[PDB]
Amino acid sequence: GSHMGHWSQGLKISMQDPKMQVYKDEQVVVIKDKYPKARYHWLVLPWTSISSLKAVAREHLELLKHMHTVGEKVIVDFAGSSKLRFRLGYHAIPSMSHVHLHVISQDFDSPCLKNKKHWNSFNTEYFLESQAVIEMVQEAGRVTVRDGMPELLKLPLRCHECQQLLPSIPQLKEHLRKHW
């Protein structure tokens, strides 16, 4: 198929769709994740095209920090009274093109969460904290990731709240209800 129509290019379409946008400024847009992996799951994307964290440099440091600040503001404005826990961060190896910050509530209560890769992408070192990426760019001038990231996706399923081992996705999803 075409390059523009390839599944990996999907964010470039969604980020311009008014029905998916929840916030816009001169630098970034925030959209609802199309397949949210928790009750609240947004993506913050810069208007300017940066393919992934591999292409990030110190010229982008202000922008990365702004993405983070905007993520925090969205949490306050859309979920403030919920007092839920959120994490903000980046997948170590993303699937979709165009740099995007995940802003995600820690209930992980969603039918879109369906497999081990989903779980481990948000709940192991595969999930790079936004603050960590920012500090890495500031100090080293670029984002590097260690070997072994794909193997992390195959780790046994463990609750992020109490660290209990669960044998399957359905059993994990049922266990997570206990932490509401």
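Numbers follow the displayed sequence, beginning with 1.
Q: Take the C-alpha B-factors listed in the entry for 68-76 and for 81-89, compute each mean, and give the stretch with the larger one.
A: Mean B over CA atoms: larger for 81-89.
Q: Could you check which stretch, 58-66 or 146-154, carries the larger mean CA temperature factor in the entry?
A: The stretch with the larger mean CA B-factor is 146-154.
Q: For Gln171, return the chain-relative third of its C-alpha B-factor as stated in the PDB record: lowest, middle or highest.
A: As the PDB entry reports it, the C-alpha B-factor of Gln171 lands in the highest third of its chain.
Q: Name the third of the chain's ranked CA B-factors that contains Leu11, choosing lowest, middle or highest.
A: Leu11: CA B-factor falls in the lowest third of its chain.
Q: Report the third (lowest, middle or highest) to which the CA temperature factor of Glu129 belongs, ranking only the modelled residues of the same chain.
A: For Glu129, the deposited C-alpha B-factor lands in the lowest third.
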